[PDB]
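Spelled out from the first residue to the last, the chains are:
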Amino acid sequence: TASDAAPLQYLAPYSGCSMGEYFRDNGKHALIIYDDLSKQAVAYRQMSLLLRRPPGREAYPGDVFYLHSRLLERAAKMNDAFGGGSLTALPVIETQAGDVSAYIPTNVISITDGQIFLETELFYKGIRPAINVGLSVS
Amino acid sequence: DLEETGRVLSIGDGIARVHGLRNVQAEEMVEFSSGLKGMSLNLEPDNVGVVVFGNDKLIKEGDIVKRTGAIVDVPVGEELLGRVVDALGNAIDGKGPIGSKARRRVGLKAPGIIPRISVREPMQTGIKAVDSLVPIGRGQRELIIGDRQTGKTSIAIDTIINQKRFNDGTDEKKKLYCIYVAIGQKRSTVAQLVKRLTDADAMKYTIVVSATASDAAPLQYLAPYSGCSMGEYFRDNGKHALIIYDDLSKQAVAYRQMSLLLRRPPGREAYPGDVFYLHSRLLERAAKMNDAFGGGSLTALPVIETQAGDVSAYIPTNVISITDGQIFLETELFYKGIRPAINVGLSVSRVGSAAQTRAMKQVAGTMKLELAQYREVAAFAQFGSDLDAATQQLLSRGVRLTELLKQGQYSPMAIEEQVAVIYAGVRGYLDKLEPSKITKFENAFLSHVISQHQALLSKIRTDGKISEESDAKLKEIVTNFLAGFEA
Amino acid sequence: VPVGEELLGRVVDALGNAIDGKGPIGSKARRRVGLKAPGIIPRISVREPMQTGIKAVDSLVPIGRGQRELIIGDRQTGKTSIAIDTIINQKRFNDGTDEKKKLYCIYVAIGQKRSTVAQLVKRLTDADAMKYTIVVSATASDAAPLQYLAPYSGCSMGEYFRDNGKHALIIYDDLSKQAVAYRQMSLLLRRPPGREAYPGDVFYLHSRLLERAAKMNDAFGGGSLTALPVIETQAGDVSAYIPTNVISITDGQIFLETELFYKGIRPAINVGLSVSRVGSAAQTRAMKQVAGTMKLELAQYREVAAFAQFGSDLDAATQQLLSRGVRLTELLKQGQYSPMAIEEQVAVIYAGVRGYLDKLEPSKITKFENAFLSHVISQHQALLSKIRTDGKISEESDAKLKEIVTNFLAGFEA
Amino acid sequence: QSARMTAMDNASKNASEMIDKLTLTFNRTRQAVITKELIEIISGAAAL
Amino acid sequence: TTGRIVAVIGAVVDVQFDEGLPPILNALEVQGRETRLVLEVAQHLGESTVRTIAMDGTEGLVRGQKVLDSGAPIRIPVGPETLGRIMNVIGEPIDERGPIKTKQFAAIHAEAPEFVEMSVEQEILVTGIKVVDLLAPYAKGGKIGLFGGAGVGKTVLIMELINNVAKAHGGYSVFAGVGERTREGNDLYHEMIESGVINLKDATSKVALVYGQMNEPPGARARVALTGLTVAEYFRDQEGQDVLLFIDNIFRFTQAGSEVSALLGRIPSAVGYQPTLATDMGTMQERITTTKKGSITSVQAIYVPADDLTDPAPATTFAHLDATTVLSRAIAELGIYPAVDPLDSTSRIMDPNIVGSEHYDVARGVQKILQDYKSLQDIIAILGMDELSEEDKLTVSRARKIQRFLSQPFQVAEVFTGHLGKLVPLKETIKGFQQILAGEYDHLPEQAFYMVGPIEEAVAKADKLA
Amino acid sequence: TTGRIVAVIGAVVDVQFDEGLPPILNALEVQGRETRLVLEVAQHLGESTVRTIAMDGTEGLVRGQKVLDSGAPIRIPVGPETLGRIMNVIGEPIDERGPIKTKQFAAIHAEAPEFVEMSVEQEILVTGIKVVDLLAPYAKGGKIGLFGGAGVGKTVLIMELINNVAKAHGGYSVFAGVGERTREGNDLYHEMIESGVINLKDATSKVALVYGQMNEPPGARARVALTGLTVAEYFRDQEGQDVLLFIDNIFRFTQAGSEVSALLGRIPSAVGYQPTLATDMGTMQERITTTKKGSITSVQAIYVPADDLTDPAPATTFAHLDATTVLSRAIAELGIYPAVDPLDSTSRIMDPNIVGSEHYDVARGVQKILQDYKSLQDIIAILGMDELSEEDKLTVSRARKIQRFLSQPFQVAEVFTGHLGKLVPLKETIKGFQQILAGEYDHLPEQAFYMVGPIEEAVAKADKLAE
Amino acid sequence: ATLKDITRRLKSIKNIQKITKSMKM
């Protein structure tokens with residue numbers, strides 16, 4: 001959480017993922033929820049600026065896309081010859097002002113297999129879940 | 001001797017890197033063989049990064065540097081009046097030495113929280129827009145901000161000029177000594193400046209600290225503090241002093257230049273992490289003391305130059321955030337005929353009426369309000385193909401009140417003259433007059449009452465407000481003058 | 001690097017080596033790639049035209065010999081085409097007798113792709129232009145330093161002609177990719193990056209080069225070097241740092257817009273934003289006569305055309321202004337690979353500038369120009385040869401022309 | 001008068017929406033210029 | 001341990017220890033100085049040298065000067081005898097009323113309430129303010145974003161909350177001025193005094209003031225909000241009250257953070273802030289909660305840079321806020337006070353699952369009506385107040401009654417309004433508005449509801465208004 | 001002293017002296033070169049090694065090469081025998097006409113005039129250009145600045161001023177080309193001659209020329225202005241004359257410095273500039289000034305990178321001027337030349353007390369209406385013009401005509417405009433505008449007001465257009 | 001997207017909205 005050293009916030013998702021992997025690996029089925037990958041990204045960037053790695057777009061280090069691809073590639077559906085088990089990931093990403101073009105959001109959209117965009121407008125107008133049915137995909 | 005003296009290891013871009021000087025204190029003044037002074041800003045493990053106060057042509061590798069042991073202090077007191085001094089208090093008007101007894105240290109801490117009291121005495125500029133809608137009190141710090149050439153320095157000058165009404169007077173608690181600090185300006189501008197002030201006989205009560213374009217960074221840096229100390233001598237001694245920093249933008253640049261050359265870390269806009277602290281420690285030294293301390297004050301008018309009206313850029317953000325209000329000037333206004341270009345909606349005075357006179361308030365208050373109201377509708381005017389007479393009314397009050405805020409330069413008014421004129425439109429008397437004529441009306445109307453009616457103005461003045469009587473006398477004076485006027 | 005007439009018709013790399021596998025170059029002269037440009041004293045004001053073959057250019061932003069004129073615009077707005085048409089237009093004089101009117105061309109590809117260049121040298125060959133062109137190629141896979149040098153190399157080959165009373169034309173296509181090469185070479189040497197990541201001396205990188213294009217006085221052979229450097233803008237933003245860095249070195253610019261291009265205006269020359277710092281001194285009197293005030297007329301036309309995108313109770317002087325503006329805009333249009341001869345340009349602009357077309361329908365104008373030009377070329381080559389020869393429009397030529405246009409126009413609008 | 005009323009209702013509402021969007025576009029741009037200009041300074045400084 | 005100063009660069013002092021190196025965060029005292037110079041430790045550069053940040057001017061320091069490890073972070077006098085006093089960053093008195101003599105001292109750098117200390121539930125903290133309690137309910141242990149500045153009653157509202165916390169919850173409050181303008185603190189001081197919240201004569205002060213003035217170096221304006229925090233944690237972890245924490249203003253906290261960061265030479269991140277923006281904030285915000293012992297509730301004054309709500313400073317900050325109190329100059333102009341905006345102010349706990357359906361419905365009733373009326377507002381002025389329906393004329397009437405019923409007299413402003421302050425109870429609040437919505441006082445007149453407490457007073461005022 | 005070269009990286013050369021370290025600013029000459037190479041000492045790196053900036057190409061230099069301290073900063077031939085000549089950064093003739101036999105020599109580096117040396121006389125300097133004169137009058141002995149992005153008219157404007165003012169001026173003129181186009185120094189030299197301002201046969205030359213163009217290494221560009229300015233200071237002080245100083249373009253001095261800055265080991269300030277930009281500009285700009293001894297009337301062209309007037313360079317220069325003419329590509333783009341921006345140009349003499357109220361009320365009158373029209377522009381753009389008050393569609397009218405009446409065919413741009421150059425006298429200007437503002441031509445067409453001199457030509461042009 | 005242009009557009013749209021709301025009423 002908000003008070004743990006960045007390295008722990010950075011680490012957290014990989015650990016949870018390994019725990020979900022036991023189930024995937026044994027014919028079982030797990031669900032992992034990364035809330036949020038936004039803050040993990042800033043934790044990793046704090047680490048990267050402190051290590052002195054070249055800041056790039058939005059001051060994020062060059063490998064933040066990999067921070068995420070490596071993680072989310074591990075969610076997966078094995079076939080029978082490997083147990084038939086599976087890992088499902090519902091990672092969360094927080095956009096600013098509904099800007100879904102930002103560096104981090106785009107990164108993550110280019111990794112997952114669809115998105116569920118919730119809109120503030122919808123939310124107030126009383127539509128909840130504030131899902132945006134045209135924009136969202138599976 | 002490496003303890004009290006050092007040797008230059010390298011010299012460039014005005015930064016001297018001295019070896020030795022083991023005993024120097026932070027910010028201490030030291031001296032290079034050649035005679036040039038320098039200030040120790042970086043005390044490092046293996047060297048002293050010294051900020052050279054002059055041309056680094058006179059310094060070579062190996063030059064011997066010696067400590068002075070003394071920290072930067074400057075001349076101070078009443079003999080500096082009517083003088084033109086550099087950032088170190090040296091006279092540059094070639095009129096002979098300043099006979100200074102007391103010497104004060106340039107960087108001192110602001111008076112704490114206990115030694116003060118609410119800003120309550122009016123600091124009058126003579127500018128109606130300011131004086132009625134953006135009131136400055138003594139001890140207040142009000143920023144004049146705007147793009148290049150919008151009227152910023154003019155505000156300060158009219159302000160300085162204006163204090164002669166009280167400086168020629170007997171009441172010593174109304175006199176205000178002025179200090180004008182010029183940082184990064186070209187010498188011809190200041191020369192022109194001092195001339196305008198001489199011509200108005202304001203140099204008698206003014207001190208000019210000048211750190212110009214060709215003076216080394218550190219002198220441009222210091223200038224505002226060394227001018228501050230000078231104004232503190234008055235503040236502390238039950239006297240009142242006004243200080244104009246023109247501009248804080250150029251001094252920030254001077255500081256940034258040394259910071260980066262000493263290699264300190266650069267943040268946004270390349271400014272050092274302590275640029276906010278450079279101004280806050282300066283602008284806090286302005287304050288209203290308590291009788292227990294002399295009741296003396298130091299008002300400061302700091303100037304910030306914005307770019308393309310970007311009041312949120314870095315330095316404009318700091319200083320806005322530090323001061324008690326802002327007078328925002330605008331080009332569009334300026335070229336549209338509003339001079340001074342004060343944007344009345346965005347300008348502010350945290351001190352407010354706590355600093356207006358009852359006379360002014362008596363008028364300022366409804367004016368402030370019809371204007372705010374006009375501002376809501378103004379945009380409609382130019383397409384008002386059929387507005388109701390309710391709002392059509394506010395457009396009319398709107399344009400007349402606005403014309404009353406206009407003002408020529410070098411002619412600051414007496415609070416009594418300002419209320420007499422404001423009363424005229426505010427009360428509705430110029431509502432049937434032509435916008436194109438208000439400027440002419442006021443001028444002549446004011447010429448008339450300054451001529452014929454100095455007894456009513458003396459009343460208004462004295463009684464400090466508009467008595468029911470003087471009210472009636474003004475009604476007639478304007479209704480007969482107006483009649484005269486449209487003949 | 002190798003220098004001289006032996007290189008003509010050959011494709012060399014950034015160091016001089018042939019890459020057309022057509023044998024060694026028979027070079028007898030060499031030249032340092034980096035030589036300062038001739039000073040003040042050795043030159044003379046640019047006065048001889050350098051005809052592109054493009055009305056829009058030759059009429060509104062004239063190019064003289066010894067002049068540097070920049071071709072700038074976003075990707076695909078047609079920048080190279082301007083350069084090819086120019087190289088191709090030079091056959092006229094090169095196949096001719098007069099050696100003073102001849103222009104040897106140099107085409108430096110930088111950062112480009114080999115298949116594109118190969119495409120390029122094919123077309124030049126098919127137009128029978130290779131004979132007078134040298135092609136220095138420093139493409140996409142060539143080392144950064146080759147791409148970097150390439151321009152200086154090609155320049156030096158052009159000075160050979162310039163210093164020997166001959167005339168050369170060099171195209172630097174483009175100076176954007178070179179800057180990148182320079183930036184790369186430079187950062188890898190650990191030289192601190194500057195504005196936009198480029199070396200603090202990228203201005204210098206291009207000034208040094210383009211100052212070399214010049215007009216020498218008779219005392220030095222009267223030869224010259226004309227440069228047509230190309231720069232790529234992004235989002236049509238010409239105010240950009242590099243774009244302005246280079247616009248502040250050359251003697252004018254030709255700015256191509258994608259908006260104009262899509263709109264049908266090809267070349268996409270933006271009248272208002274393009275300039276020629278040589279003015280009419282680089283124009284024949286025939287041309288000066290017809291296009292002397294046209295440029296500021298079209299500028300003023302574009303404005304009012306905007307100011308009435310709402311027919312705001314418009315007078316006549318402006319209705320006339322919009323009527324000329326549109327007709328003239330159609331005439332400056334032009335296809336590719338068909339560089340026109342100077343007298344041909346004068347004939348057609350003439351028709352427009354004189355008002356003879358103010359009553360024709362804009363849509364007709366292009367078709368009319370093909371018909372009209374056909375007529376005069378075939379029937380009237382006596383008037384074309386005189387305008388061309390006298391180089392001016394005499395009072396009778398001007399009368400024989402008024403006669404032809406008005407009558408042909410009528411039969412044309414039957 | 002009912003169509004001018006309607007047309008001007010819409011126009012006014014479109015305007016406001018445009019206003020809200022340009023403003024938000026303005027702040028995004030304002031933040032990126034500062035960030036962008038600052039990273040540029042740091043890059044140059046670190047290379048030394 | 002006794003170290004020497006090896007380097008002084010601005011407000012960053014490097015100190016070398018021969019035997020025994022102070023851990024990070026410890027406070028070191030510089031030896032031989034007119035006044036107290038506390039250097040907080042920030043890093044272990046290796047070779048027995050620490051890198052610290054000065055809490056005051058390093059002017060005059062000398063390489064070789066002596067430094068004494070106080071063997072602990074900045075510690076301050078905590079407890080009751082702090083109430084009504086004004087204190088420095090390192091717990092010193094700056095009001096000149098002599099020494100702050102407490103029994104306990106509390107290091108300012110403290111960790112936050114372990115998960116198992118966390119309260120598992122959401123409870124509204126009542127302040128007795130009709131708008132606040134009805135439409136934007138504060139949360140116990142939560143953080144509130146107080147928007148709006150001058151002219152709009154910011155300081156009187158901060159002072160009524162104080163009073164009402166003492167009254168209804170027997171809880172005390174702290175005031176941390178992060179980057180305060182010396183002029184404005186002294187003015188805040190005397191203003192609390194005149195309204196009593198501070199008492200120089202007795203022991204009835206309900207506020208302790210902690211100040212980090214704008215002249216102080218980055219490191220000081222950086223920590224003073226923690227110091228204030230320390231104090232508040234005492235009235236919760238030692239006396240299990242419901243303390244109130246006021247950080248004015250939360251933006252200068254963050255800025256102080258960046259200055260310190262830059263000085264320590266760390267690469268800034270997006271928009272120039274610190275790489276550690278989110279942790280610098282989290283390590284502080286998180287200590288503000290409801291533990292089993294009690295709770296700290298924080299009212300944070302927010303400054304939004306460039307009016308950009310997505311600016312990293314502000315954006316980060318909302319991550320922690322449970323409600324916003326928007327003070328509005330427009331509302332004030334209606335004479336309405338507190339000048340809180342009933343439609344712009346918000347709260348996370350305005351959930352029927354948290355405030356209960358009744359509360360939730362009334363609130364949502366008050367706002368809609370206030371919204372509807374807003375619509376009509378345009379019509380009324382132009383086409384005149386009458387195509388108005390038996391229905392449209394009622395929404396207005398009530399709305400206008402409501403708008404007024406939402407205003408209220410503060411006990412803090414009695415020395416001035418010549419009127420008696422009211423602390424309406426939550427129950428009274430929901431009923432009040434319930435009935436107006438209901439139509440129970442449609443006959444009553446507007447002005448019957450202006451500046452009163454409980455609806456009962458709306459009734460009685462009507463009587464005196466014939 | 002004799003030093004050796006230890007490192008060469010571009011225009012920056014480090015030299016190691018064994019005994020006697022040349023002071024900063026000293027000029028050193030590289031031994032063993034066909035041409036004279038001067039190195040200006042820039043810094044003392046320590047270890048008896050100095051970092052220097054080359055005044056020319058560094059090709060062919062070798063590590064170990066010998067270098068002699070000349071014992072003084074670059075010193076150039078100053079005096080009357082510089083008139084009619086063309087000089088180098090380092091004072092060498094570059095016109096092939098032989099040595100420059102001056103009695104004295106001056107070092108290009110010197111302190112700026114003291115505060116007690118300043119003058120405050122303010123006399124309008126009429127130019128014949130409608131816009132400048134009307135709205136931003138130049139002042140004799142004042143500092144003038146022409147601001148503009150690439151290709152908007154800085155030089156042509158400097159060209160017509162040389163014609164309308166330099167040509168009648170009884171006093172010297174010094175034209176320093178700093179980092180501009182070589183083609184241009186050749187155009188001007190030969191023009192000076194063809195008009196006798198330069199005389200190659202006798203001593204009637206009234207203009208000295210100094211050049212350090214764009215084909216030079218940063219070093220030369222960082223100093224020519226100094227050389228130029230130094231020549232001018234001589235005629236100001238040692239002769240006491242009225243000098244006219246033309247510099248095109250002073251931005252080049254600052255770009256020169258930014259180009260070597262990194263090689264001087266400095267953290268960059270904002271926008272890539274060097275951290276010493278303002279002070280570097282200050283110690284220079286402060287010498288370009290009128291004193292009690294002599295008078296300088298400097299006209300400096302100022303380049304504006306990326307067209308952004310807030311760029312640290314253009315931005316830092318405003319404070320050094322008494323009058324500023326800001327040119328704009330947005331105006332130029334419309335075909336309005338000179339492309340001066342009427343609302344961004346200023347003069348310190350635009351004072352009723354100095355030019356008079358008729359001059360002043362007209363100017364401000366013209367500016368109000370152009371401002372008034374600027375504000376409406378974006379709006380009638382979308383909402384159209386019908387709804388506008390006849391009161392407001394008249395200001396659109398008058399504004400559009402004034403906008404034109406402000407253009408003028410320059411005598412140095414006939415090759416550009418295809419129009420004979422017109423020079424309008426101050427009273428013809430004030431009056432012409434006074435009448436447009438007065439409604440006295442609301443009948444003539446806008447076009448009649450475009451590219452004309454005096455108001456009568458607008459009336460004549462109306463008829464010619466009348467058909 | 002220039003803070004200059006963006007501002008230029010906001011300027012003209014805030015007026016439009018004002019004149020347009022007026023015309024509606």
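Residues numbered from 1 in each chain as written, not as in the entry; some residues may be left out. Chains lettered and ligands numbered in written order. Part of a larger assembly, values for the part shown. Heavy atoms only, no water. Residues with missing side-chain atoms left out of burial classes, pairs and counts.

## A few points about the interface of chain D and chain G
No. 1: Residue-level contacts link 15 residues of chain D with 14 residues of chain G.
No. 2: Taken together, both faces of the contact between chain D and chain G bury some 1400 Å²; the carbon and sulfur share is 82%.
No. 3: Its largest share of buried area at the contact with chain G, chain D owes to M8, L22 and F26 of chain D, together 38% of the area lost on that side.
No. 4: Where chain D touches chain G, the interface holds 1 salt bridge.
No. 5: Counting across the interface, chain D meets chain G through 1 residue pair in polar contact.
No. 6: By residue class, the composition of the side of chain D that touches chain G is 8 nonpolar, 5 polar and 2 charged. (Contact = heavy atoms within 4.5 Å. Buried area = accessible area lost by both parts, 1.4 Å probe. Salt bridge = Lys/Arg side-chain N within 4 Å of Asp/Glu carboxyl O. Polar contact = N/O pair within 3.5 Å; in protein donor to acceptor, adjacent residues only side chain to side chain. Nonpolar A, V, L, I, M, F, W, Y, C, P; charged D, E, K, R; others polar.)

## Details of the packing of aromatic side chains
No. 1: Using the criterion set out here, one finds 42 aromatic pairs over all chains in the structure.
No. 2: An angle of 90° between the planes, with centres 5.6 Å apart, marks the rings of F445 of chain B and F481 of chain B as edge-to-face. Taken together, the residues span a long stretch of sequence, with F445 of chain B in helix α13 (residues 435-451) and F481 of chain B in helix α15 (residues 468-485) at a distance of 36 residues. In this pair, the class of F445 of chain B matches that of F481 of chain B, namely buried.
No. 3: Centroid distance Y160 of chain C to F161 of chain C: 5.3 Å. Interplanar angle 90°. Geometry classified as edge-to-face.
No. 4: One aromatic cluster in this structure is built from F441, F445, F481 and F485 of chain B.
No. 5: Across from the ring centre of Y103 of chain A, 6.0 Å away, lies the NZ or CZ of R57 of chain A, which sits over that ring. (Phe/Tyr/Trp six-rings, centres within 6.5 Å; stacked < 30°, edge-to-face > 60°. Helix = DSSP H or I, 4+ residues; strand = E, 2+ residues; numbered from the N terminus. Buried < 20%, exposed > 50% of the residue type's maximum accessible area, 1.4 Å probe, protein only. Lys NZ or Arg CZ within 6 Å of the ring centre and 35° of its normal.)

## As for the pattern of salt bridges
No. 1: All told, the structure shown has 121 salt bridges over all chains when counted by the stated rule.
No. 2: As a salt-bridge pair, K333 of chain C and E330 of chain C come within 3.1 Å of each other at their nearest N and O atoms.
No. 3: Note that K154 of chain E and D248 of chain E form a salt bridge whose closest N and O atoms lie 2.7 Å from each other. A residue pair is termed long-range when its members are at least 10 positions apart, and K154 of chain E in helix α2 (residues 154-169) and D248 of chain E in strand β13 (residues 242-248) qualify at 94 residues. Side by side, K154 of chain E and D248 of chain E carry an identical accessibility label, which is buried.

## A word on the arrangement of the chains
No. 1: The smallest C-alpha distance separating chain A from chain C is 13 Å, and no contact links them.
No. 2: Spatially, chain C and chain G are disjoint, and the shortest separation between their C-alpha atoms is 11 Å.

## Section: the packing of helix α13 (residues 342-353) of chain C against helix α15 (residues 381-390) of chain C
Residues and elements named next belong to chain C.
No. 1: Running from amino to carboxyl end, α13 crosses α15 at an angle of 110°, the nearest separation of the two axes being 9 Å. Between α13 and α15, the crossing angle belongs to the class labelled roughly perpendicular. Between α13, through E343, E344 and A347, and α15, the contact on the second element is made entirely by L384, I387 and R388.
No. 2: Split into classes, the residues belonging to the contact of α13 with α15 amount to 3 nonpolar, no polar and 3 charged. (Axes fitted to C-alpha atoms, helices over the stretch in contact; angles between N-to-C directions. Parallel < 35°, antiparallel > 145°, perpendicular 65-115°, else oblique.)

## Focus: the environment of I244 of chain B
All names here are of chain B.
No. 1: Structurally, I244 can be placed in strand β15 (residues 240-246).
No. 2: Judged by relative accessible area, which is 0%, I244 ranks as buried.
No. 3: The residues contacting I244, other than those within four sequence positions of it, are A156, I160, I179, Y180, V181, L301 and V303.

## Quick look at the domain arrangement of chain F
Interface extent is often summarised as the accessible area lost during association of the parts.
Residue and element names in this part refer to chain F.
No. 1: We note that the domain assignment places domain 1 (1-73), domain 2 (74-349) and domain 3 (350-467) within chain F.
No. 2: When each unit is reduced to the centre of its C-alpha atoms, the spacing between domain 1 and domain 2 is 29 Å.
No. 3: Residue-level contacts link 18 residues of domain 1 with 17 residues of domain 2.
No. 4: When the buried area of domain 1 at its contact with domain 2 is split by residue, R36, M55 and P73 rank highest and sum to 36% of it.
No. 5: At the junction of domain 1 and domain 2, the tally comes to 2 salt bridges.
No. 6: The interface formed by domain 1 and domain 2 contains 5 residue pairs in polar contact.
No. 7: Here the side of domain 1 that touches domain 2 gets 4 residues from one element, more than from any other, and that element is strand β4 (residues 38-44). (Domains from an automatic or database assignment.)

## Considering the UniProt feature "binding site: Mg(2+) 1" in chain F
Residues and elements named next belong to chain F.
No. 1: Mapped onto the present numbering, the UniProt feature "binding site: Mg(2+) 1" falls at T155.
No. 2: Turning to its location among the elements, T155 is positioned in helix α2 (residues 154-166).
No. 3: Using a relative accessible area of 17% as the deciding quantity, one classes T155 as buried.
No. 4: Beyond its immediate sequence surroundings of up to four residues, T155 is in contact with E184 and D248. (UniProt positions renumbered as here; feature names shortened; annotations may be inferred.)

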